[PDB]
Number of protein chains: 4
Amino acid sequence: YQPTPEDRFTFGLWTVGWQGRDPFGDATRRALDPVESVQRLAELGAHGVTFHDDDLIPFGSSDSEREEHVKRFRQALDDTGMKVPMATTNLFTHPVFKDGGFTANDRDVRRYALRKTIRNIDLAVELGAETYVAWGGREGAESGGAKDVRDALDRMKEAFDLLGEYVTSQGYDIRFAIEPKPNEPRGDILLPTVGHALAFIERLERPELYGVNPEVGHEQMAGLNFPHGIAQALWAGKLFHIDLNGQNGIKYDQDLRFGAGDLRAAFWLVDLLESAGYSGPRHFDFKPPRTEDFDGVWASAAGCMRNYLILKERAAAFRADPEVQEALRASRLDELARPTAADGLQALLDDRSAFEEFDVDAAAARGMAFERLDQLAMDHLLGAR
Amino acid sequence: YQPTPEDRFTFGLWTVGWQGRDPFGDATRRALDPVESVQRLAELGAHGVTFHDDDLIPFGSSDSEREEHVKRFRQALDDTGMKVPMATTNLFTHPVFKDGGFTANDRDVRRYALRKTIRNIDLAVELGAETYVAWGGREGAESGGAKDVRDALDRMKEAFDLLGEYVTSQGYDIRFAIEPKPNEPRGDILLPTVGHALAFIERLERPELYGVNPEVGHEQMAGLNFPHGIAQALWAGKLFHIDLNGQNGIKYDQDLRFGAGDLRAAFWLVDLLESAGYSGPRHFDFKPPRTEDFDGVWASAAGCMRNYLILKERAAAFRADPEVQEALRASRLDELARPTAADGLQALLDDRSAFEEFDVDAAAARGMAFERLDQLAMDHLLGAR
Amino acid sequence: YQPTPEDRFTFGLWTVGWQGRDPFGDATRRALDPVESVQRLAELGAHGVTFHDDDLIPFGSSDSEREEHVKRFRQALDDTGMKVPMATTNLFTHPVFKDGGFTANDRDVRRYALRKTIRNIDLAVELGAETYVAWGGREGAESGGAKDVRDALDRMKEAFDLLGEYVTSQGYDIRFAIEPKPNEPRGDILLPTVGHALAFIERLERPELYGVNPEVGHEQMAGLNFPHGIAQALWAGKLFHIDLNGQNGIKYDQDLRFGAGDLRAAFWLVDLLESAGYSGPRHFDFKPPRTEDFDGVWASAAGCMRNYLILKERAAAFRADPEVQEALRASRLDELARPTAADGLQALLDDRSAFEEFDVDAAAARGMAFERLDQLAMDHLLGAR
Amino acid sequence: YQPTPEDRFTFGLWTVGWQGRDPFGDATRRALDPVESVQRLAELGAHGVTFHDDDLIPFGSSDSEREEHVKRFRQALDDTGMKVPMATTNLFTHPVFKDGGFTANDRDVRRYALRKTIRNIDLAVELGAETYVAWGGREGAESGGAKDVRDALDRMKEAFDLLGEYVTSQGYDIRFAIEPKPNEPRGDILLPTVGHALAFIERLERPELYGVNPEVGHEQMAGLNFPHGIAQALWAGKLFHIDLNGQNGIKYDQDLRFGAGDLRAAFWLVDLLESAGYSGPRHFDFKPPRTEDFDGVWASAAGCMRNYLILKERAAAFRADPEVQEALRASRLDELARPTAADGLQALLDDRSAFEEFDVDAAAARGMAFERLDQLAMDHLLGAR
Ligand SMILES: O=C(CO)[C@@H](O)[C@H](O)CO
Ligand SMILES: O=C(CO)[C@@H](O)[C@H](O)CO
Ligand SMILES: O=C(CO)[C@@H](O)[C@H](O)CO
Ligand SMILES: O=C(CO)[C@@H](O)[C@H](O)CO
Ligand SMILES: [Mn+2]
Ligand SMILES: [Mn+2]
Ligand SMILES: [Mn+2]
Ligand SMILES: [Mn+2]
Ligand SMILES: [Mn+2]
Ligand SMILES: [Mn+2]
Ligand SMILES: [Mn+2]
Ligand SMILES: [Mn+2]
């Protein structure tokens, strides 16, 4: 199950580059040069990398150092054929961001956040990114009086409307993807789930420029079904990008390699991405555990891609099995896809078979046959089929 | 802290009427006649009651029994001055609903669900309800292959579009409020949070007919900040109705009396409802614990209203305290309410004070003074102020 | 992967016999006669069944009806060769139990709970059970003032000490297994996890008569690692019995068939049970979803056993693979099993290589190689090995 | 509500000294000198401070620097009258600890962990500590094959037995308190709750030397009732020390000031500590949010003490109110405290009023009156009484 660049696997610089500093411990690994990560990921079969501004150009770099970091990076992409499909801004590490970027209470900080963002959109375009992610990890509060959330959503809409004005003014071909997270590092983060981010987008001045970048572990931090939230984002036409990883339930954001965590959810997510024909990058936002040395980093990144390809093969064998197609009909999945009342309202109202003569007891007695379908899915996942 | 009808407190018939049957135990209380609940709630100071169809007219009642249940009920409302501001449909108890109402896999059941719904909308209008709630507690799945969620959202949009066609065709003055819940009784429920329900509404044919009816305990079942989700529903103009209760964290849906559960969240929710001027019903969707007899039922319903009125007084004393107004300025809440860039994009781009000459270290060093503000809020809640 | 009676798979009568009544819905299946469940489970390859008193003899049965229910049951066990390795008492359904059995505030109810229990211990012995489970699902509270927990633990120790006096007085060969659950149906249940139940046992008059019956879904309702809690129960010598099922995270108690829920946890649990040589029953405490008819009931019960046998084969292939044995040495699992200081305290204190001359930087730089080990485990589980 | 040293309030050096580095951000505050924290806490009314070795003497300090840090510290305690009732070891920050201290897979690291521990026990004794805490935050795993937990509990018992040998050999008057935490920074931490730590202690060679140091936010990270776990630790005689703080549900470890988080749980915890007569330190293990400057640090530490004193006054007014004493009798709290069967087993067995003539329906019909009791508790907490 060997990845190639045609599988569209991507990685953040900050993922394999995570030094292992956690809330309770020092770094366990030395910093990697971005050039070295590009080379090593290209050897494992990835298609490309992504970056925050500050991963690529150290905070406070002069214009001359900037251009040098960029030139070196561009050389490694040329040398390897790696692409950069997505970029984002760090509006969370520097102390100035301690109360947020776009929704900081201090107006001066909010203007600074927008300026730092627009400078990186230009860079992203130059390097060919098609998607610009926004994770507002510092937007929110630990206490109720610290943040009026209606005012905060006004400031958040204002920031995103200004960015959509900027891109359209420049004539760039870049769309935005907002990434929800329910908590951590703030006590509560604004737009905490995919549903909250989708609903927010519909109030922007140009909603067609914005979609979501959901992350597996983030929706599971709220105990939600990740494949169900992705189906809603697909239904709305707003799955612009995705972050793949693993999480063991409701606790701190673990960012385990993809396939770790909830393995059945991983299976039904691949099933959905492949059957809806998602064609964006398969991006891993993960942290090799701090127990690992460099060898363990590259083994963890390789397992991300391996697990995706194994689950892809098992979900395709599941949907291709005639015995599964028969079970799906037995459970009336075909009937869920037909209109309830294509005949229209008046006809429904006049239909005695829908009410006055509907035999509720006979309908109630029909089993759904879901457990037999779910064991076929289990047998397929385990290769016991 | 005595409620009057002017406080707009309402209760479902199923709340004080809960017989105490749980997944592991039999009923501990006899059934109440709806007429008796109307009388007892009017004595405690409530403004009105709400109902599912099946709470008021027993499932399978003939037209003659129907009209009799309605006449008796109408007499008790006349006798007490109680109103009925909201009604909803039971699409969850009868076995026919075991796979959903509007998104059941069986198309016949979906048509039946719409017919049962429209019959109750007529009744609701006749009794004067202004809001019709929809809680799809059976819409969802315990396993991944049982429900294609894109098809299920197609069927859910189809159902709600047909209901909006019906109400507009009849010329009724009734709006719909969808109530999210993340799980229970299904393994995962579709539109599991306020954000998911808001985003869904924006894809209906006539979005202006639909809002949300969030419930305190339901968002806390996903570990989310209830006051933050209500602020987003207010920001979108979609807070049509609300269900008030208490929940102790992420576990089964407890439906404790309001003020039980997370008491600080209760305080910041009342603070928000009163400061945004929400004018809908203050409705309690709660279950007096099955340990209680009838005396304990009416004591629990009275505590719902008492706790709301105490929290209202403390939140108003908080916002009225000059020392709190000073702390809010100290924490720059005034600055969060001002536009970040009313000057426009070009001016922001030309402003050297926003970037090239912005002193990040001086801005970073400014404390937010949030803990002093939050202890003032604590002192106010406890009356230690 | 066909089960036989030698695999020691057992089922509660209440599991396949669950009629599908949930907090929001009516029964979707008719009641099964215990005789019919015995016959059907024996056909699928189970080894035996378990019962609460009230599953086998309807509450309030006269002595004559009692003896008749027992005789019929005994005939079906004779006809099939099924055993009864475990029995328990229903101290949760009847309204009298609304505040608990052994820790009800009313003393009369507590004495009644003990009498109902002892009557069923006699029956259990007669039918050959070796383990008597105690699940105190009504022991706990929805509010802080309702239960003094020190007094409640006094009453709980008193009840269990009286039962251990009874069994020793009668000379029965039966041990007790307490089953923890953190909540539901009470707001909080006493002894909410395996750790709490283990610690409690050590304060009983004869601790050797009591162990734990942990359930997969119950520890995961507190977000805990089920295999880690079982290793602690094994370490203490107190794994008397186990309840196998599946749960999707922190929410209501789902009781899905075994292998559903957290599939990797299922794998590491089988790995542990088989490698520590657990020889008790493999008992399924699960509920076929209420979407199912009778066909779906027996398919769900068969999948419990199938999934156990598949995971058993994959965990055995994992531990048998030379490449895995090499990885375990690479990650120093062999060193975890050696004493840290068999040399004794004084020698440790005099050892300069343990402190004064210990090279912390060289030790820190050694990678643990855990991600490579965990991908081997993944490949084994998926059959991609 | 002004604290004095007689209230026994203590703080870790690492609490007010937290620089605000989180998994996503840099420090927002400069480091404090321990001498300055001693002085500032003594001014706010605290009784004493606690320390990890590495908070007081920077890692890798020579013997001469060691003695200097100690002398300066001792001078500040002399100058202020502050005591040091508890000390602990840092076995979590340095990279060498990435797989644990006492249960690291590498045996050399385990011996190093014990040596670093024993050196700090000597210091703790010299400074007068009576309790030595052990928080094994690095003991556990992110993956199932990385840690055999039976071997890991063998190594953990071996470490604690060696420490109990050491203290008894030296004739020190110091006891150990193990602090549970369910996760973070490891995926799962061993002995994850108070129940797990209590049960473990009973397998040590000298159990009387060891108790628990439970933390409010840690049990709530597993969704458990903190006051119920403290009642069990009190019931076992093992509440040696306690860590007070606040947490908003199941998510990362927030360490908010005490009274933040779950305020009703805070009330019932103070009620319990004061009514059982706990006489150890009231220690705050909290982090002033990184939004704060130094002024906000000392305001947050003062609110910890203020909130404790307010809750103490409200819980004492609750238990002193004659109307509450009457409600407690109405809910049969007096009957929970009487033996169920002081008459003995034989008498219970011969008592027809316990079974054959027990009127279950009359007992079932008695209401518990818990909601009226719980609203009295609410009125008391809010000062509405
Ligand atoms: O998810 C996280 C942090 O939780 C980030 O890696 C975003 O994806 C990009 O800033
Ligand atoms: O919330 C619930 C069930 O959880 C219902 O009472 C809805 O409010 C109306 O059907
Ligand atoms: O676990 C449960 C209910 O949650 C019971 O089936 C016990 O196992 C036996 O009473
Ligand atoms: O609780 C924590 C970290 O979560 C520590 O402060 C311990 O109390 C002492 O090491
Ligand atoms: Mn993440
Ligand atoms: Mn991400
Ligand atoms: Mn509810
Ligand atoms: Mn509701
Ligand atoms: Mn269960
Ligand atoms: Mn069980
Ligand atoms: Mn903590
Ligand atoms: Mn602590």
# chains A, B, ... in the order shown; residues from 1 in each chain; ligands from 1
call {"tool": "residues_near_ligand", "arguments": {"ligand": "ligand 6", "cutoff": "9 Å", "atoms": "only C-alpha atoms and all ligand atoms", "output": "list in words"}}
result
residues 135, 179, 180, 181, 213, 214, 215, 216, 217, 218, 242, 243, 244, 245, 255, 284, 285 and 286 of chain A
call {"tool": "residues_around", "arguments": {"residues": "segment 187-189 of chain A", "least_positions_apart": "3", "cutoff": "7 Å", "atoms": "only C-alpha atoms", "output": "PyMOL selection string"}}
result
(chain A and resi 137+139-142+181-184+192) or (chain B and resi 225)
call {"tool": "interface_residues", "arguments": {"of": "chain D", "to": "chain B", "cutoff": "6 Å", "atoms": "only C-alpha atoms", "output": "list in words"}}
result
residues 249, 291, 292, 293, 296, 299, 300, 367, 368, 369, 371, 372 and 382 of chain D
call {"tool": "select_by_dssp", "arguments": {"residues": "segment 43-75 of chain D", "states": "alpha helix (DSSP H)", "output": "count of residues only"}}
result
19
call {"tool": "closest_atom_pairs", "arguments": {"of": "chain A", "to": "ligand 4", "cutoff": "12 Å", "atoms": "only C-alpha atoms and all ligand atoms", "output": "tab-separated table"}}
result
residue	atom	partner	partner_atom_place_in_ligand_line	distance
A:22	CA	ligand 4	3 (C)	11.9
A:23	CA	ligand 4	3 (C)	9.0
A:24	CA	ligand 4	3 (C)	7.4
A:25	CA	ligand 4	3 (C)	10.9
call {"tool": "select_by_dssp", "arguments": {"residues": "segment 12-191 of chain B", "states": "strand (DSSP E or B)", "output": "ChimeraX atom specification"}}
result
/B:12,22,25,48-52,83-88,131-134,140-141,175-178,188-189
call {"tool": "closest_residue", "arguments": {"among": "B:35, B:191, B:123, B:233", "to": "residue 75 of chain B", "atoms": "only C-alpha atoms"}}
result
B:35
call {"tool": "decode", "arguments": {"residues": "segment 44-78 of chain B", "atoms": "C-alpha atoms", "output": "PDB file, in the first residue's frame"}}
result
ATOM      1  CA  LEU B  44     -47.546  28.651  40.439  1.00  0.00           C
ATOM      2  CA  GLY B  45     -47.466  31.698  38.144  1.00  0.00           C
ATOM      3  CA  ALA B  46     -46.719  30.188  34.754  1.00  0.00           C
ATOM      4  CA  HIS B  47     -47.860  31.995  31.569  1.00  0.00           C
ATOM      5  CA  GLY B  48     -48.649  28.930  29.439  1.00  0.00           C
ATOM      6  CA  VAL B  49     -48.056  25.333  28.388  1.00  0.00           C
ATOM      7  CA  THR B  50     -46.872  23.492  25.260  1.00  0.00           C
ATOM      8  CA  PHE B  51     -47.667  20.049  23.929  1.00  0.00           C
ATOM      9  CA  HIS B  52     -46.805  17.281  21.532  1.00  0.00           C
ATOM     10  CA  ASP B  53     -49.910  16.033  19.655  1.00  0.00           C
ATOM     11  CA  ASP B  54     -49.742  12.735  21.529  1.00  0.00           C
ATOM     12  CA  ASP B  55     -49.529  14.390  24.994  1.00  0.00           C
ATOM     13  CA  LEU B  56     -52.945  15.993  24.395  1.00  0.00           C
ATOM     14  CA  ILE B  57     -54.768  13.392  22.225  1.00  0.00           C
ATOM     15  CA  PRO B  58     -53.796   9.755  22.896  1.00  0.00           C
ATOM     16  CA  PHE B  59     -52.349   8.044  19.796  1.00  0.00           C
ATOM     17  CA  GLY B  60     -55.028   6.417  17.691  1.00  0.00           C
ATOM     18  CA  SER B  61     -57.953   8.453  19.118  1.00  0.00           C
ATOM     19  CA  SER B  62     -61.001   8.709  16.866  1.00  0.00           C
ATOM     20  CA  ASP B  63     -62.172  12.115  15.602  1.00  0.00           C
ATOM     21  CA  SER B  64     -64.784  12.200  18.341  1.00  0.00           C
ATOM     22  CA  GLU B  65     -62.359  11.465  21.145  1.00  0.00           C
ATOM     23  CA  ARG B  66     -59.980  14.054  19.572  1.00  0.00           C
ATOM     24  CA  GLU B  67     -62.596  16.801  19.706  1.00  0.00           C
ATOM     25  CA  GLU B  68     -63.406  15.938  23.322  1.00  0.00           C
ATOM     26  CA  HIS B  69     -59.753  16.096  24.516  1.00  0.00           C
ATOM     27  CA  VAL B  70     -59.427  19.433  22.766  1.00  0.00           C
ATOM     28  CA  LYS B  71     -62.648  20.867  24.250  1.00  0.00           C
ATOM     29  CA  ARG B  72     -61.634  19.920  27.780  1.00  0.00           C
ATOM     30  CA  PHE B  73     -58.192  21.429  27.323  1.00  0.00           C
ATOM     31  CA  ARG B  74     -59.598  24.692  25.819  1.00  0.00           C
ATOM     32  CA  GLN B  75     -61.946  24.970  28.830  1.00  0.00           C
ATOM     33  CA  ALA B  76     -58.979  24.742  31.266  1.00  0.00           C
ATOM     34  CA  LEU B  77     -57.083  27.444  29.290  1.00  0.00           C
ATOM     35  CA  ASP B  78     -60.223  29.638  29.395  1.00  0.00           C
TER      36      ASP B  78
END
